[PDB]
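So the structure is just underneath, and the comments pick up after that.
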Amino acid sequence: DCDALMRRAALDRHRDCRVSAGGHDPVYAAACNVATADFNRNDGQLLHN
Amino acid sequence: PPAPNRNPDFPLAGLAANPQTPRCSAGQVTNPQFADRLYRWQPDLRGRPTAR
Amino acid sequence: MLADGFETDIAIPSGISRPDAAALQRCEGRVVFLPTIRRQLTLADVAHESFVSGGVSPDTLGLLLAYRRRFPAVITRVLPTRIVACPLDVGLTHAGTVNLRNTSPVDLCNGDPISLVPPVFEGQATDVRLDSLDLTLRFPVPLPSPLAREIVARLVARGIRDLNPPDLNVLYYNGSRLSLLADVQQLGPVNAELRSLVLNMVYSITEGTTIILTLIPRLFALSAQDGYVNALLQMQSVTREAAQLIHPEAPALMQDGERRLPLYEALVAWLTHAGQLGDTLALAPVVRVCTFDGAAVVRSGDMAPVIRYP
């Protein structure tokens with residue numbers, strides 16, 4: 001899921017929290033069809049299904 | 001004198017009540033990432049007849 | 001100070017019940033407020049009945065202003081006919097030493113200045129009565145000088161609560177827990193104390209002070225790094241919670257800033273009003289302690305050698 005990251009992002013700014021997926025910031029997506037399917041896709045478009 | 005109607009009052013009694021007012025920790029302050037988040041207060045004193 | 005000094009004489013009235021005569025001989029070293037530096041007075045002038053104000057009995061906080069209007073003096077020796085005392089504002093003796101008996105709960109250390117407080121504390125409220133002459137004697141309590149500045153600060157801050165429709169009673173010194181007895185305070189003398197505060201409060205604020213206010217973010221950053229800076233804020237100061245919200249910054253540029261020093265002028269005006277204010281509320285610490293056969297602790301209930309403090 002993204003739920004590990006979603007519960008985490010509400011932490012404070014004065015204590016740092018850096019998460020880099022594949023050296024890139026996580027971008028979220030709701031669903032994926034057969035048509036999109038983005039198999040060898042680069043930088044961290046993540047999914048939450 | 002300074003420019004008229006420049007000086008604000010103290011929100012120190014006011015901002016201390018609401019917990020939703022943004023604060024700073026000891027690691028925050030002297031960074032400009034939080035200097036803009038806090039309240040800005042600029043006193044002026046060039047029109048004061050002080051005791052000396 | 002004269003070559004012989006100056007010794008006042010307080011005459012005793014002839015009507016004396018013999019138990020009240022022995023009560024005066026226990027007053028060997030006490031502190032006595034004289035209204036003048038007249039050479040001969042009476043016990044009625046010394047006692048609490050003349051020490052009242054016109055029609056109004058003064059409270060504990062209002063009794064401090066009555067002290068600084070008068071002259072503290074110390075009884076040297078009790079005679080059968082009179083009482084011989086030496087003033088403190090006048091140069092005290094030929095020799096420069098007086099004995100002072102501690103009617104105080106707290107022991108004394110060497111070198112510490114003595115200011116004096118009314119009877120305030122619970123339990124130890126002791127007033128000598130001369131029932132043949134129908135007189136009452138309230139004698140002040142000699143205490144160390146940082147303690148007297150605490151007790152005045154506890155009383156004055158209590159009266160400011162009374163103008164605003166917890167808690168402030170408990171003090172500590174040498175680990176001793178002790179509170180103080182007070183019920184009411186007259187609204188008259190509190191205004192005299194408060195007006196003496198806020199005029200001296202305002203007169204510290206000069207143009208350099210706003211430059212000093214820009215260092216409030218520096219201290220709250222510095223208290224993270226050194227525990228000695230953590231010894232300032234104590235969590236009960238305003239400036240810890242004031243630094244958490246307000247980020248001030250300096251005004252610029254100052255008028256005639258080439259010729260003048262704003263940070264220097266703010267300090268000297270601060271040293272003459274706010275740092276002076278420990279003298280302005282109570283009376284001055286005229287007396288410190290110099291034991292000769294070196295006793296580091298003068299115990300509660302004993303005499304002590306006494307030498308003036310500038």
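Letters A, B, ... go to the chains of the structure tokens in the order shown; residues in each chain start at 1; ligands are counted from 1 in the same order.
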
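All of the residues in chain B within 9 Å of chain C are residues 11, 12, 15, 16, 21, 22, 23, 24, 25, 26, 27, 28, 29, 30, 35, 36, 38, 39, 40, 41, 42, 43, 44, 45, 46, 48, 50, 51 and 52 of chain B, where only C-alpha atoms were counted.
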
Within 12 Å of chain B: residues of chain A, using only C-alpha atoms, as a PyMOL selection string: chain A and resi 12-16

Spatial neighbours of residue C:95, 12 Å, only C-alpha atoms, chain gap at least 2 places, as a PyMOL selection string: chain C and resi 1-6+91-93+97-99+305-308

Take the selection from the previous step and output its residues with N, CA and C atoms, as a compact mmCIF listing (two decimals), in the first residue's frame.
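Result written to out.txt:
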# COMPACT_ATOMS: atom_id res chain seq x y z
N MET C 1 29.49 59.69 61.60
CA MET C 1 30.10 59.10 62.78
C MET C 1 30.94 60.11 63.53
N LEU C 2 30.78 60.16 64.85
CA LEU C 2 31.61 60.98 65.72
C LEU C 2 32.81 60.16 66.20
N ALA C 3 33.66 60.80 67.00
CA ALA C 3 34.77 60.08 67.61
C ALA C 3 34.28 59.12 68.68
N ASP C 4 33.21 59.49 69.39
CA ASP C 4 32.58 58.62 70.37
C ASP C 4 31.39 57.86 69.81
N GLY C 5 30.91 58.23 68.63
CA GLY C 5 29.64 57.74 68.13
C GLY C 5 28.50 58.58 68.67
N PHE C 6 27.29 58.13 68.36
CA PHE C 6 26.09 58.79 68.86
C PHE C 6 25.15 57.73 69.41
N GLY C 91 26.83 56.70 61.95
CA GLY C 91 27.95 55.84 62.28
C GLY C 91 27.80 55.23 63.66
N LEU C 92 27.92 53.90 63.73
CA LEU C 92 27.19 53.16 64.75
C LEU C 92 27.85 53.20 66.12
N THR C 93 29.15 52.91 66.22
CA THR C 93 29.81 52.92 67.52
C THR C 93 31.18 53.56 67.42
N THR C 97 31.44 47.80 65.96
CA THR C 97 30.83 46.49 66.11
C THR C 97 29.64 46.57 67.06
N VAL C 98 28.57 45.84 66.73
CA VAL C 98 27.36 45.72 67.54
C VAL C 98 27.02 44.23 67.57
N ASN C 99 26.41 43.78 68.67
CA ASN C 99 25.84 42.44 68.72
C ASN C 99 24.37 42.50 68.32
N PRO C 305 28.57 39.44 65.57
CA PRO C 305 29.22 40.72 65.28
C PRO C 305 28.65 41.35 64.02
N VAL C 306 28.69 42.67 63.99
CA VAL C 306 27.95 43.44 62.99
C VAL C 306 28.79 44.63 62.55
N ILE C 307 28.95 44.76 61.23
CA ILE C 307 29.70 45.84 60.59
C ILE C 307 28.85 46.35 59.44
N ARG C 308 28.82 47.68 59.28
CA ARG C 308 28.10 48.37 58.22
C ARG C 308 28.47 47.87 56.83
